[PDB]
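The structure tokens that follow cover one protein chain in two forms, given apart as structure 1 and structure 2.
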Structure 1
């Protein structure tokens, strides 16, 4: 019942500036007790149009059961007053419970997908719909986790998960070292980092933007793992490893990071496969980039190496949630060239 009702609302996207300028507990409580059920209900309605053999997997049934229970947990606060202190404190406890309940959503959904794909025939249309759904499902989770964690961290130098002066280069170095450690453990060697930076907006000044560092770290860690693996495997018959070159550029509207390796590249024919849905790190990393209207692209030189590029909005006011909405256009989405 509650699912159908709240699915009629459209999600309300927030800017990073809103999350900053705002971060009153009563206001956050009133907003989130409405907004989180809306987002949960919207994606629940989309789960119901997936193939029947996929929805009936124990994994998708778990996700659906968790999301429905969290929606009901949150809807129960609509009968409470924002002035009710126990309700404010219980709301924090409930968000923590919901976050704990959703801790394993990503690997559980992935398990359902893998089980369905391995067991059943998947026509090309269905395969494209699964890509469409998974992008939207995982973006939806990124967004609910973002909002809930903001309220938890603030009300239970950063404003919640947002660093208003994110040291981009420092995140790049941290993500690279994380990948380096795993590369050394597995291969006994790893490429070095050759980093340069260009502050076009503020010449010679350090590069800072408003951003969620954990998101940026996730994107860079995944790209570095892939670039290090490609370098080591492509150059296994070599004494030394070519470095991974990174340039960080702050323009007027955009913050760009380009990661270059000489790991042999990938044929253009199959480059898109890397973004197909464990092999989920790259498509999810692109979701993180697009979440606040950024983007993540790969362009490879098969036989030589690969360039990975992250785009982020440089202005917090333009960093607005990109949210999926279950509406006529979505349902409809589910030969002019030879």
Structure 2
């Protein structure tokens, strides 16, 4: 283990709120000062943790690759430790380095998932029931969600060439039109559903602005994250509805209700897709668990939709739960904090405690 990894793994990650992230777009040297220290801390924490996985898994070429990438990115960032935040050239080179790191990590999720599979056929193992593997993957993916979020925020606000969405500050939409994201995600799921079944359920949507009656619903949020969650939940609800009702003349719609309360934004997605036994609910949330075979774009198969969507919801202190009525249908519920100041990063830390779980 490189001394840099050992050293920086000693610190605990420092979570930011969405408000703080927005404010970076309200100087560059402040974001530079924070990130050149924080990214190595987050990378070092997860690198130490990778060094605990089963010999058989850590040795998969896929995991070894991811490990090599994170180490290099860590080194690239630490090289900025000497520079002054007032050094304009250093700031520019830092943006270039974040772009390089972002590009290097672009295929991390797919490589790690492939490692899980290079693990299954190269060893005897059930990833679904492997509790340590599940614990690790949640932490590994949350760590990635957080580093990607932080680097993209800096790149999209301060770079010259990458501006992202004009209406966003970084990747954050201060006035996220939730219902619009819902409608977009639904249509994306629908197009996919049609290719697999030549039919798809329609959307029945209701919205209630409890905080401001009859007003459009907006909150500060990361639309790409919201879109991901909804897309995955819609794909699930559509697949279940169509298959459960394939022997019937028509399809019941998917009912969605969007509610804005004083401190929470809640989205409920209900289907009449037959549901699942309460006994199986937790399994649904395990990485790789799927009733479809492991896989242009697959409607189902990866076994990632639920756990990853839940990570996005919990990343800023929200949550995602499934409550099913076996024999009838399922209600999927997303909770998001309605205040940017309470939307604080939920980050895994490598410490005595975490180690105890392993």
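Residue numbers count along the first chain shown, from 1. Take the two forms, find the largest set of C-alpha atoms that superpose within 1.5 Å, and that set is the rigid core.
Colleague: Which one of 100, 205, 121, 237 is the only residue whose C-alpha moves by 2 Å or more between structure 1 and structure 2, after superposing on the core?
Modeller: After core superposition, the single residue displaced by 2 Å or more is 121.
Colleague: Once the rigid core is superposed, tell me how far the Cα of residue 196 moves between structure 1 and structure 2, in Å to one decimal.
Modeller: Value for residue 196 between structure 1 and structure 2: 0.1 Å of C-alpha shift.
Colleague: How many angstrom apart are the two C-alpha positions of residue 83 between structure 1 and structure 2, if you fit on the rigid core?
Modeller: That residue's C-alpha sits 2.2 Å away in the other form.
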